[PDB]
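Novice: Have a look at this one.
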Amino acid sequence: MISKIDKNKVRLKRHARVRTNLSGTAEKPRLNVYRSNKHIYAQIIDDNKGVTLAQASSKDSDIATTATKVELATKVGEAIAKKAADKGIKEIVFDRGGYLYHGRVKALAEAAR
Amino acid sequence: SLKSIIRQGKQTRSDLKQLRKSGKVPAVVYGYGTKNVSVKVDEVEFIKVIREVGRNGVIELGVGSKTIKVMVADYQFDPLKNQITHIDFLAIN
Amino acid sequence: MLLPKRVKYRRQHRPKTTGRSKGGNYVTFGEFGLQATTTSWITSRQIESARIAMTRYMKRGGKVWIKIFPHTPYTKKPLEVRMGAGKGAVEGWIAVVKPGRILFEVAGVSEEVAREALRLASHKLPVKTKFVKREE
Amino acid sequence: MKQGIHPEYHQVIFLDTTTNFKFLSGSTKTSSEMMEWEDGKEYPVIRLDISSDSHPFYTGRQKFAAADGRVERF
Amino acid sequence: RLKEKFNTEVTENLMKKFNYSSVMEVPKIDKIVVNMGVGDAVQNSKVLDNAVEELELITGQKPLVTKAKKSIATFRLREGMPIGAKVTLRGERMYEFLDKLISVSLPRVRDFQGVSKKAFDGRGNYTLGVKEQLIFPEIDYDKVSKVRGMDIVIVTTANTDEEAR
Amino acid sequence: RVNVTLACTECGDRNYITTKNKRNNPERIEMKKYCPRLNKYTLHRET
RNA sequence: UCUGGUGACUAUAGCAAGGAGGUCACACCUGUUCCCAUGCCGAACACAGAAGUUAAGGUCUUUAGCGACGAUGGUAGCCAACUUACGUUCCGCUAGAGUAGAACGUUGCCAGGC
RNA sequence: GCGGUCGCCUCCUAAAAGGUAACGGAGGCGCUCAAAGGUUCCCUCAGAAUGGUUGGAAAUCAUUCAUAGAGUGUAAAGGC
């Protein structure tokens, strides 16, 4: 009955405080993930005028699946848009980013990096 | 109340205090169809606002064209003299 | 002696005395107001030597409503000494008035009393006054 | 689960005079009577309560001191 | 049992007691904040630490008075342990109906609260009574204050059969 | 608080100078510092 | 062109009421079997799954009552200037705050299922 | 003359850049801290009443009104 809290609120609110030092210049474009109720995302971004530089998606449906931490979570953890982009800065609003969204941070650590 | 004012002039130098002893007041209508296109009134025909409206109602304007009911709303009473300065109207639409 | 209780600082600056009035240019708590026409410092002692007296004309009749309260407390040195070794201890309370301000307010009682009462009261204040009839 | 607070405590078995109605979570240790599957197949020694013997709540009982009394020959 | 007794009677009423739009505007039970207190600043407070190991699930935090007027204020003593029901213990020593093990002051009031935060005080030795008075027969203060799933007393009332008071 | 002194045995020179309370921690303390003529953070004995 | 995602604007962008729809997509929804972990309770922090639903949020459309932006007409103040003794007054420039009439229930940046 | 002051830090006077006097009006310092330091996470203020051995209107954890009116080791302003 009493005030229940929304959580997209504080998710983007924290993205704010976290978006004060890290920002993709396309010379090192950050890739930055909207966790969802069932799925996960990612996208490379350049941050000079806010246009959308590069793009993939987990949910893009070359294959769908379940198990939000799947090898589908690590195929979104591999995919790229081939260019001259190198080992990006993993934007993380989600705790233990070194392991939580490591599903994304794992597979791409070799080719995009 | 049939009280008539006219379009006075802007770009005023403050030399008007002295043309003010001879009676006048500013006045500016609000409302659409026109704008803050000010009108000038005199007092000793307002020595008889006593019977005109009370304070809440109608006044004619005869201000060239668009002579309709206009409401003098605000108060700009003045100290030390029992004079008055810038009483002003509005359109009813 | 309308004075306060709790004050942060006890030594202050003389208030500015120039220009017109700001607020309290009308009357509320009664039909009749006594306006002011020049500038001075009314000094709480006037007020209670011009209140008891107006009521001693009013013979505990109708009721009054004061529109001036002394805030800035003025100070003064005791015996004439040298110049300059500190500031004198606070010994008064002052209120500043400008032209165009209602100082007193009363209701109910007849206009003969109003005139023949505020004329009694103004004879104590250092400011020149003028009657006001709630002249809408 | 984030451990590091409460110790060891789970459900138990207890049968009453009536209806045997006390089987919720427990932290109660004692010596087993005889175990079941309608209830614990483990040390059954939550003992016995007032849980269903009689409430005062939705019930009745005996009254207070007395009335006038000088109406039945005193 | 009790956690399901936060279901065994209530899912159908708490799906009907209101007639809201969807199932989820029609509430559940509001969470609890099992808190204890003391009336001594030293030893009763330093030695009223387990009765939570008895009733709550919290080992024992050390919060003190905040508002703390003239003689309330002290520091760091374990007078109020934050054993609020989160989800696991959110079926705590509260919905135990061991408030009948007194047979006094069951129906205390005509109502409960104008502030939705309800307070239900086992004042005396009403609660934790299945344990014999060994060391629990001394000074002991309670603080069962938590809100319920109803804006005022009104509909809170004539379906409150859970704790029946 | 009283003034102390640290020095790497290998170099045998006391250059670093820190402070320490005579009540908070009266027990002789020792930490690793970058003493000269070693090019490595050796152990310093706060004598 | 609808929604989801990033980057501009002075809350004109709001809190206060509601209205109505769907789960393509945000939501309410199942527990500790696991990754992490509340000195405190997996509600925040995590996992596999979603049979069940649209209240709420979410989005538009309504209230100018709730608050900021607040165009003119004046007026306080002020920079020169000629007077007089200034708690002023005249003469030239720039003219406020507050008060209204208003605008007022955001303009877009660039992508994804269409 | 007697008395009191004499170094460093903050504010007002000081007239919207900086600077600006009087035996003008107010407060402070002669440290402290192995943590109150560095780094990575994680969280959130007051003035508000609920009726809870006990109640000292104030002993408690909640809950919502909570707009910085809270908290900063130390005075005051500028900040968060």
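Neighbour counts are summed over all protein chains in view; Cβ atoms, including those assigned to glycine, are modelled from backbone coordinates with ideal geometry. Quick note: the coordinates plus some simple rules give every number you see, no bench work behind them.
Novice: For the stretch E:25-36, state whether one or more residues are away from every other protein chain (no Cβ under 14 Å), assigned to a loop (DSSP other than H, G, I, E, B) and near RNA strand H (Cβ under 8 Å from one of its atoms).
Specialist: At the first step, the residues of the stretch E:25-36 found to be away from every other protein chain (no Cβ under 14 Å) are E:35-36.
So of that shortlist, the ones also assigned to a loop (DSSP other than H, G, I, E, B) come out as none.
Taking every residue of the stretch E:25-36 in turn, none turns out to be away from every other protein chain (no Cβ under 14 Å), assigned to a loop (DSSP other than H, G, I, E, B) and near RNA strand H (Cβ under 8 Å from one of its atoms).
Novice: Still on this structure, please answer the following. Please count how many residues of the stretch E:39-72 are of a type in the set (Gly, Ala, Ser) and touching a residue at least 24 places away in the same chain (Cβ under 8 Å). First the steps, then the outcome.
Specialist: Just the residues of the stretch E:39-72 that are of a type in the set (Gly, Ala, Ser), to begin with: E:39, E:41, E:45, E:51, E:60, E:68, E:71.
Subset that is touching a residue at least 24 places away in the same chain (Cβ under 8 Å): E:39, E:41, E:45, E:51.
Here the count works out to 4.
Novice: Which is of a type in the set (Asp, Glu) and surrounded by 15 or more Cβ atoms within 10 Å (Cβ to Cβ), of B:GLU60, B:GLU52, B:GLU45? First the steps, then the outcome.
Specialist: Values: B:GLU60 fails: surrounded by 15 or more Cβ atoms within 10 Å (Cβ to Cβ); B:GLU45 fails: surrounded by 15 or more Cβ atoms within 10 Å (Cβ to Cβ).
None of the other options fit; the residue is B:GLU52.
Novice: Considering only residues that are within 22 Å of E:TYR126 (Cβ to Cβ) and within 14 Å of another protein chain (Cβ to nearest Cβ), which ones fall in the stretch E:61-81?
Specialist: Keep residues of the stretch E:61-81 that are within 22 Å of E:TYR126 (Cβ to Cβ), which gives E:78-81.
Once the filter is applied, which keeps residues that are within 22 Å of E:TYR126 (Cβ to Cβ) and within 14 Å of another protein chain (Cβ to nearest Cβ), the stretch E:61-81 yields only E:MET81.
Novice: Given the condition outside any loop (DSSP other than H, G, I, E, B), within 11 Å of the chain's Cα centre (by Cα) and either within 11 Å of chain D (Cβ to nearest Cβ) or closer than 24 Å to D:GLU8 by Cβ (or both), answer yes or no: does some residue in the stretch E:92-100 qualify? Please lay out each step first, then the result.
Specialist: The initial filter retains those residues of the stretch E:92-100 that are outside any loop (DSSP other than H, G, I, E, B), namely none.
The answer is no, given that none of the residues of the stretch E:92-100 is outside any loop (DSSP other than H, G, I, E, B), within 11 Å of the chain's Cα centre (by Cα) and either within 11 Å of chain D (Cβ to nearest Cβ) or closer than 24 Å to D:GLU8 by Cβ (or both).
Novice: Among the residues of the stretch F:1-17, write down those that are over 13 Å from F:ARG45 (Cβ atoms) and assigned to a loop (DSSP other than H, G, I, E, B). Break it down into steps so the answer makes sense when it comes.
Specialist: Looking only at the stretch F:1-17, we keep the residues that are over 13 Å from F:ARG45 (Cβ atoms), and these are F:1-3, F:15, F:17.
Once the filter is applied, which keeps residues that are over 13 Å from F:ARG45 (Cβ atoms) and assigned to a loop (DSSP other than H, G, I, E, B), the stretch F:1-17 yields F:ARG1, F:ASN15, F:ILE17.
Novice: Answer yes if at least one residue in the stretch E:45-57 is more than 8 Å from RNA strand G (Cβ to nearest atom), over 24 Å from D:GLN3 (Cβ atoms) and buried (at least 16 other Cβ atoms within 10 Å of the Cβ), and no otherwise. Break it down stepwise before answering.
Specialist: First pass over the stretch E:45-57, keeping only residues more than 8 Å from RNA strand G (Cβ to nearest atom): E:45-55.
Checking which are over 24 Å from D:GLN3 (Cβ atoms) leaves us with E:45-48.
With buried (at least 16 other Cβ atoms within 10 Å of the Cβ) added as a condition, the list becomes E:45, E:48.
So far as the stretch E:45-57 goes, yes, one or more of its residues are more than 8 Å from RNA strand G (Cβ to nearest atom), over 24 Å from D:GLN3 (Cβ atoms) and buried (at least 16 other Cβ atoms within 10 Å of the Cβ).
Novice: Another question about this same structure. Starting from the stretch C:7-20, take each residue that is farther than 16 Å from C:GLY92 by Cβ and within 14 Å of chain B (Cβ to nearest Cβ) and list its partners that are more than 11 Å from RNA strand H (Cβ to nearest atom) and not polar (S, T, N, Q), counting only C-beta distances under 7 angstrom and pairs at least six apart or across chains.
Specialist: Matching pairs, first to second residue: C:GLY19/C:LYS98; C:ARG20/B:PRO79; C:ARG20/C:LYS98; C:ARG20/C:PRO99; C:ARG20/C:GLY100.
Novice: Go through the residues of the stretch C:80-96 one by one and say whether even a single one is within 14 Å of chain B (Cβ to nearest Cβ) and closer than 30 Å to C:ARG10 by Cβ.
Specialist: Step one: filter the stretch C:80-96 for residues within 14 Å of chain B (Cβ to nearest Cβ), giving none.
No, the conditions are met nowhere in the stretch C:80-96.
Novice: Test A:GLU91 against the criterion of being touching a residue at least 40 places away in the same chain (Cβ under 8 Å) and either within 12 Å of RNA strand G (Cβ to nearest atom) or farther than 16 Å from A:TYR34 by Cα (or both), and give yes or no. Working first, answer last.
Specialist: On the way: touching a residue at least 40 places away in the same chain (Cβ under 8 Å): yes; either within 12 Å of RNA strand G (Cβ to nearest atom) or farther than 16 Å from A:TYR34 by Cα (or both): yes.
Against the criterion (touching a residue at least 40 places away in the same chain (Cβ under 8 Å) and either within 12 Å of RNA strand G (Cβ to nearest atom) or farther than 16 Å from A:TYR34 by Cα (or both)), A:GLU91 qualifies.
Novice: Go through the stretch E:111-165 and tell me which strands (runs of 3 or more DSSP E), entirely inside it, have 1 or more residues that are within 15 Å of E:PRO27 (Cα to Cα). Even if it seems obvious, please write down each step before you answer.
Specialist: Numbers: elements: E:117-119, E:141-143, E:145-147.
Answer list for the stretch E:111-165: E:145-147.
Novice: Further question on the same structure: Please work out if A:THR20 is of a type in the set (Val, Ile, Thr) and touching a residue at least 24 places away in the same chain (Cβ under 8 Å).
Specialist: On the way: of a type in the set (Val, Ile, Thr): yes; touching a residue at least 24 places away in the same chain (Cβ under 8 Å): no.
No: the conditions fail for A:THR20.
Novice: A follow-up question, please. Where the second residue is assigned to a loop (DSSP other than H, G, I, E, B) and not small (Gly, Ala, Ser) and the first is within 12 Å of chain B (Cβ to nearest Cβ) and lies in the stretch C:118-136, which pairs have Cβ atoms under 8 Å and are six or more apart or on separate chains?
Specialist: Once the first residue is within 12 Å of chain B (Cβ to nearest Cβ) and sits in the stretch C:118-136, its partners that are assigned to a loop (DSSP other than H, G, I, E, B) and not small (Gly, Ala, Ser) give C:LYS128/C:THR37; C:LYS128/C:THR38; C:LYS130/C:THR37; C:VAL132/C:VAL27; C:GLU135/B:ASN82.
Novice: For the stretch C:76-87, does any single residue satisfy the condition of being of a type outside the set (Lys, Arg) and either assigned to a helix (DSSP H, G or I) or under 30 Å from C:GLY19 (Cβ atoms) (or both)? Please lay out each step first, then the result.
Specialist: As a first pass, look at the stretch C:76-87 and keep what is of a type outside the set (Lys, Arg): C:78-81, C:83-86.
From what is left, the residues that are either assigned to a helix (DSSP H, G or I) or under 30 Å from C:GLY19 (Cβ atoms) (or both) are none.
No; the residues of the stretch C:76-87 include none that is of a type outside the set (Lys, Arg) and either assigned to a helix (DSSP H, G or I) or under 30 Å from C:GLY19 (Cβ atoms) (or both).
Novice: Which condition does E:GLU162 not pass, out of (1) within 11 Å of chain D (Cβ to nearest Cβ); (2) away from RNA strand H (no atom under 13 Å from the Cβ), if it passes all the others?
Specialist: Of everything listed in (1) within 11 Å of chain D (Cβ to nearest Cβ); (2) away from RNA strand H (no atom under 13 Å from the Cβ), E:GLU162 misses just condition (1).
Novice: Only one residue in E:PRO63, E:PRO137 is within 12 Å of RNA strand H (Cβ to nearest atom), under 22 Å from A:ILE2 (Cβ atoms) and surrounded by fewer than 14 Cβ atoms within 10 Å (Cβ to Cβ), so which one is that? It would help to see each step written out before you state the result.
Specialist: Numbers: E:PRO137 fails: under 22 Å from A:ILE2 (Cβ atoms).
Just one listed residue meets the conditions, E:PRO63.
Novice: Would you confirm whether or not the stretch A:61-80 contains a residue that is touching a residue at least 40 places away in the same chain (Cβ under 8 Å), part of a loop (DSSP other than H, G, I, E, B), of a type in the set (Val, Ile, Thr) and surrounded by 18 or more Cβ atoms within 10 Å (Cβ to Cβ)? Quick ask: steps written out before the conclusion?
Specialist: Restricting attention to the stretch A:61-80, the residues satisfying the condition of being touching a residue at least 40 places away in the same chain (Cβ under 8 Å) are none.
Checked the stretch A:61-80: no residue is touching a residue at least 40 places away in the same chain (Cβ under 8 Å), part of a loop (DSSP other than H, G, I, E, B), of a type in the set (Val, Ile, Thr) and surrounded by 18 or more Cβ atoms within 10 Å (Cβ to Cβ).
Novice: I'm trying to understand the selection: among the residues of the stretch E:118-158, which are more than 14 Å from chain A (Cβ to nearest Cβ) and of a type in the set (S, T, N, Q)?
Specialist: First, the residues of the stretch E:118-158 that are more than 14 Å from chain A (Cβ to nearest Cβ): E:119-144, E:157-158.
The answer is E:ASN125, E:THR127, E:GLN133, E:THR157.
Novice: Scanning for something farther than 30 Å from C:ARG20 by Cβ and surrounded by fewer than 16 Cβ atoms within 10 Å (Cβ to Cβ), does the stretch B:75-92 turn up at least one residue?
Specialist: Going residue by residue through the stretch B:75-92, those that are farther than 30 Å from C:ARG20 by Cβ are B:91-92.
Right, trim to surrounded by fewer than 16 Cβ atoms within 10 Å (Cβ to Cβ) and you get B:92.
Among the residues of the stretch B:75-92, at least one is farther than 30 Å from C:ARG20 by Cβ and surrounded by fewer than 16 Cβ atoms within 10 Å (Cβ to Cβ), which makes the answer yes.
Novice: Let me ask something else about it. Look at E:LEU77 and say whether it is in contact (Cβ under 8 Å) with a residue 40 or more places away in the chain and either part of a loop (DSSP other than H, G, I, E, B) or more than 12 Å from RNA strand G (Cβ to nearest atom) (or both).
Specialist: Answer is no for this residue.
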